[PDB]
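Observations on chain architecture
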Amino acid sequence: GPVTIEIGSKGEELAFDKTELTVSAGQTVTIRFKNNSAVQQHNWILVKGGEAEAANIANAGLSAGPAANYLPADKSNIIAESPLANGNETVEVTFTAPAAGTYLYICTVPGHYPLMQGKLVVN
Ligand SMILES: [Cu+2]
């Protein structure tokens, strides 16, 4: 059944406060991402592919800029995107969990990846 998963920045660090999440395939998941920094922007992006695909997406975001959520307009390897969260802001994204497997979630704000990453486990 539908669930919310709470996640945030690890305070002022370039890290999520949870490095792994477990859901069921097909489950309705609302990610409620709380920016616990007053001075960073962050997002939570669930991607398809390995760390190489993550790095590619983040790298594209450098020249995409904030109005495009530091993301490419090509969504072939993006499963879900949080809105961009400014200082002290909470944002949400609701998505249907993908097929069973493990997926990376990353932040594409310039410079935060590769440190700012975690893993979604779908059973
Ligand atoms: Cu970030």
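Whatever comes next refers back to the structure up there.
Residues numbered from 1 in each chain as written, not as in the entry; some residues may be left out. Heavy atoms only, no water.

A look at the pairing of strand β8 (residues 117-122)
Here four bridges tie strand β2 (residues 20-23) to β8, and the two strands are oriented parallel to one another. Opposite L21, over in β8, you have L120 as the bridge partner. (Pairing = 2+ DSSP bridges. Helix = DSSP H or I, 4+ residues; strand = E, 2+ residues; numbered from the N terminus.)

A closer look at the nonpolar core
Formed by 25 residues in total, the largest nonpolar core has its most connected members in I31, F33, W44, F95 and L120. Counting residues per element, the ones that place at least two in this core are β1 (3-8), β2, β3 (28-34), β6 (90-96), β7 (101-106) and β8. Excluding its chain neighbours within four sequence positions, the residues that come into contact with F95 are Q27, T28, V29, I31, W44, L46, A80 and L120. Formed by ten residues, the second largest nonpolar core is a distinct cluster that contains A54, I57, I106 and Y113. (Core = buried A, V, L, I, M, F, W, Y, C linked by side-chain atoms within 4.5 Å. Buried < 20%, exposed > 50% of the residue type's maximum accessible area, 1.4 Å probe, protein only. Contact = heavy atoms within 4.5 Å.)

Quick look at the sheet that holds β3
For sheets, the rule is that strands pair by backbone hydrogen bonds, running either parallel or antiparallel. The strand order across the open sheet built from three strands is β1-β3-β6, with neighbouring strands paired in mixed fashion. Each of the sheet's edge strands pairs with one partner strand only, and the pair in question is β1 and β6. Pairs of neighbouring strands in the sheet enclose a mean axial angle of 20 degrees, with direction left out of account. Pairing between β1 and β3: six bridges, direction parallel. Within the sheet, the bridge partner assigned to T4 lies in β3 and is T30. (Axes fitted to C-alpha atoms, helices over the stretch in contact; angles between N-to-C directions.)

Here we look at the coordination of the copper ion
The coordination sphere of the copper ion, as far as protein atoms go, consists of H42 (ND1), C107 (SG) and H112 (ND1), spread over 2.1 to 2.2 Å. As a motif over one chain, the donors of the copper ion read H-x64-C-x4-H. Within this pair, whereas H42 is found in the loop between β3 and β4 (45-47), its partner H112 is found in the loop between β7 and β8, the two being separated by 70 residues in sequence. (Donors = N, O, S within 2.8 Å, 3.2 Å for Na, K, Ca; no water.)

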